[PDB]
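*Asks:* Sequence plus experimental coordinates follow:
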Amino acid sequence: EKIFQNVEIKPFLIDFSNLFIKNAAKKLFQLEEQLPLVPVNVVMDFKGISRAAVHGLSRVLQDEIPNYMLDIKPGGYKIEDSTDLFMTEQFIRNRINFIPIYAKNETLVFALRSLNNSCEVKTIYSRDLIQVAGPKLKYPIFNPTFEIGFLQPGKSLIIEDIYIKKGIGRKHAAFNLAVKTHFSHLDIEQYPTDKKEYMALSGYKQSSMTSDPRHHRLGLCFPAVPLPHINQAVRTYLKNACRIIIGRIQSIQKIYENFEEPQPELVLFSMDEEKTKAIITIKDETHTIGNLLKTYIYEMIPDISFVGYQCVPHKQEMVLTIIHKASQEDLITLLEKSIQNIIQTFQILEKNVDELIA
Amino acid sequence: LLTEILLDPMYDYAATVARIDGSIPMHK
Amino acid sequence: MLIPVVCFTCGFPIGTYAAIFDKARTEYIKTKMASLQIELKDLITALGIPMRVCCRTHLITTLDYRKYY
Ligand SMILES: [Zn+2]
């Protein structure tokens, strides 16, 4: 069998058949065709994989995957004395941070130099972001239709250092990559929710407490990928999500394999009834990793005494507690095998991603 | 004297219409 | 002051089509006209915005500072 089954990639496109849309497009942007970067809705089918792994991939693609945004270097926004009094640096910085960019190079630096030498309110569009850094853009990284602030008559706006910054969307939401559009379990029967007696329920026939779904359909939307290269961009995004998950799991694996040597991430107590308690404390870790670890440890040790994790919003850490009727090294090797199971599952996911999209 | 005129609002109006025509440099 | 570059709730880039939507909506007023006699579902779908409650909510309701100043 194969885990990640066939994918459905359908970009979002401007329907020029609508007269108003085409008229407006040609009137203000002189636009007659599809934009260079379009949002793509990627709907995926997953079979024979636990809900924790699919949701972890979704969460990573949402905000835990590294991503690029346009930021202004401090001192970039020329305070000056002619600049528009309404277009504050904070406002324009917020506008520019959230312009989705498909940047393959970090060295690109843009400059915004717009002057309103007329009596009308001039609107600064994303097409006004001219680029002066390194390689000339063979293909644009952002759409030229974004509305940046307007200029009052006689006013200007000069921002000279607009560079590309790397980060994850969990820390700053301007790095969020994939927006959720669908999530369902295909192996759980659903009630007809349009009925009155089942309208207050979720719809699934199995209670979430007693349900263990293995067949899921996951739908995600990526906000801007190049139009001619949609499939390769989707492949890269999914493969990078799998790589990120594997890398973090391996970071946990190092703490596991250092179990005899002292370390404050992992402690071990043999409490009363031959049971050994392992507490794994990792800082700046999300529910994705803790949920993956809990689910796979529980799958590998069905008779476990207790496995649980908690990412308290404060203390900004993931604390995973395992209690088992086994000695310290037996428990450690069970946990190592469970991590190897996680790595195997996500490597198989990357293999399927390579096989499918192409 | 300048602080009496530079904070006078009609000077900003007079300045901003000179910038539109280009009679004065855009900056200060 | 403007339609946000991305939808606040989910982050879909509605700012891509915000400029087109503004004038398309205006032209759609001129053929229908005291608040909102219109339905903008067809205009929004034509731009490629999905059937998302958040994105349509923030696209059609966000005030523009140019209209009021
Ligand atoms: Zn939205």
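*Replies:* Cool, got the structure. Numbering: from 1, shown residues only, chains lettered A, B, ... in the order given.

*Asks:* Enumerate every residue touching the residue in the stretch 201-350 of chain A that chain B sits nearest to.
*Replies:* The stretch 201-350 of chain A approaches chain B most closely through residue A:224 (33.5 Å), counting by C-beta to the nearest C-beta. In short, each C-beta sits where N, CA and C put it, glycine included. By C-beta atoms under 8 Å, 6 or more residues apart in numbering or on different chains, residue A:224 lies in contact with A:37-39, A:100-102, A:142-143, C:13.

*Asks:* Intersect the residues you listed with the contacts of chain B.
*Replies:* For chain B, no contacts are drawn from the contacts of residue A:224 by C-beta under 8 Å from any C-beta of the partner chain.

*Asks:* who's in contact with the top helix by length along chain C?
*Replies:* Ranked by residue count, the top helix of chain C under DSSP state H comes out as helix C:15-30. When contacts are defined by C-beta under 8 Å, 6+ apart, helix C:15-30 is touched by residues A:14, A:18, A:20-21, A:23-25, A:27-29, A:31, A:35, A:95, A:98-99, A:123, A:125, A:143, A:145-147, C:2-6, C:38, C:40, C:43-44, C:47-49, C:59-60, C:64.

*Asks:* Now do the buried residues in it.
*Replies:* Within helix C:15-30, the residues scored as buried using 16 or more other C-beta atoms under 10 Å in any protein chain shown are C:15-25, C:27-28.

*Asks:* now, among the contacts of residue A:224, which is nearest to the ion?
*Replies:* If you rank those by distance to the ion using C-beta to the ion, residue C:13 comes first, at 9.5 Å.

*Asks:* and chain B, which of its residues are near chain A?
*Replies:* So chain B meets chain A at B:15-17, B:19-20, B:22, B:26-28 (C-beta under 8 Å from any C-beta).

*Asks:* Give the PyMOL command for selecting the buried subset of the contacts of helix C:15-30.
*Replies:* In PyMOL, this line selects whichever of those come out buried by 16+ other C-beta under 10 Å:
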select buried, (chain A and resi 14+18+20+21+24+25+29+31+35+95+98+99+123+125+143+145+146+147) or (chain C and resi 2+3+4+5+6+43+44+47+48+49+59+60)
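
*Asks:* Now, the contacts of helix C:15-30 that are in strands?
*Replies:* A:123, A:125, A:147 (DSSP state E).

*Asks:* Quick check: beta-bridge partners of the last one?
*Replies:* To tie it back to what came earlier, the one meant is residue A:147. Counting by DSSP bridges, residue A:147 forms beta bridges with residue A:125.

*Asks:* can I assume it is in contact with residue C:4?
*Replies:* No: the criterion here is C-beta atoms under 8 Å, and residue A:147 misses it with residue C:4 at 9.5 Å.

*Asks:* which parts of stretch A:87-107 are buried?
*Replies:* Neighbour counts over stretch A:87-107 (16+ other C-beta under 10 Å) mark A:87, A:89, A:92-93, A:95-103 as buried.

*Asks:* of the residues you listed, list those near the ion.
*Replies:* When contact is defined as C-beta under 5 Å from the ion, the buried residues of stretch A:87-107 do not meet the ion at all.

*Asks:* now, which of those lie within helices?
*Replies:* Those of the buried residues of stretch A:87-107 lying in helices (DSSP H): A:89, A:92-93, A:95-97.

*Asks:* that older thread, show me how far the longest helix of chain C is from its chain's centre.
*Replies:* 7 Å (C-alpha atoms, centre = their mean, to the nearest Å).

*Asks:* residue contacts, residue 18?
*Replies:* Defaulting to chain A. Going by C-beta under 8 Å, 6+ apart, residue A:18 touches C:24, C:42-43, C:46.

*Asks:* if you could check chain B rather than the one you did, that'd help
*Replies:* Residue B:18 touches residue B:24, counting by C-beta under 8 Å, 6+ apart.

*Asks:* Apply 10 Å and report the result again.
*Replies:* By C-beta atoms under 10 Å, 6 or more residues apart in numbering or on different chains, the residues touching residue B:18 are A:154, B:24-26.

*Asks:* Quick check: the farthest pair among those residues?
*Replies:* With distances taken as C-beta to C-beta, the most widely separated pair in the contacts of residue B:18 is A:154 and B:25, at 11.7 Å.

*Asks:* Same drill for the two, tell me which one is more crowded.
*Replies:* Using other C-beta atoms under 10 Å in any protein chain shown, the more surrounded residue of residue A:154 and residue B:25 is residue A:154, with 24 against 9.

*Asks:* and that one, helix, strand or coil?
*Replies:* coil (DSSP: H, G, I helix; E, B strand; the rest coil).

*Asks:* in terms of contact, does it touch residue A:83 like I think?
*Replies:* No: between residue A:154 and residue A:83 there is no contact under C-beta atoms under 10 Å: 11.2 Å.

*Asks:* what do the two both touch?
*Replies:* Taking C-beta under 10 Å, 6+ apart as the criterion, residue A:154 and residue A:83 both touch residue B:26.

*Asks:* OK, contacts around the residue in chain C that chain B sits nearest to?
*Replies:* Residue of chain C nearest chain B, by C-beta to the nearest C-beta: residue C:69 (14.6 Å). By C-beta under 10 Å, 6+ apart, the contact list for residue C:69 reads A:86, A:121, A:150, A:152, C:1.

*Asks:* and what of residue C:41?
*Replies:* If a contact means C-beta under 10 Å, 6+ apart, then residue C:41 has C:51, C:56, C:60 as its contacts.

*Asks:* do that again at 8 Å, thanks
*Replies:* Counting by C-beta under 8 Å, 6+ apart, residue C:41 makes contact with residue C:56.

*Asks:* Relative to residue C:28, how far out is it?
*Replies:* 11 Å (C-beta to C-beta, to the nearest Å).

*Asks:* which one of the residues of chain B next to chain A sits closest to residue A:307?
*Replies:* Distances from residue A:307 to the residues of chain B next to chain A, taken by C-beta to C-beta, are shortest for residue B:27, at 65.2 Å.

*Asks:* How about that closest one: what's its closest non-neighbour residue?
*Replies:* residue A:82 (4.4 Å; C-beta to C-beta, 6 or more residues apart in numbering or on different chains).

*Asks:* That neighbour touches residue A:152, doesn't it?
*Replies:* No: counting by C-beta under 8 Å, residue A:82 does not reach residue A:152; the two are 11.1 Å apart.

*Asks:* quick one, which of those two is more surrounded?
*Replies:* residue A:82 (20 against 17).

*Asks:* give the contact list for whichever residue of the stretch 51-200 of chain A sits closest to the ion.
*Replies:* Distances between the stretch 51-200 of chain A and the ion by C-beta to the ion are smallest at residue A:179, namely 6.9 Å. Applying C-beta under 8 Å, 6+ apart to residue A:179 gives the contacts A:62, A:220-221, A:223, C:10-12.

*Asks:* Cool, thanks, talk later.
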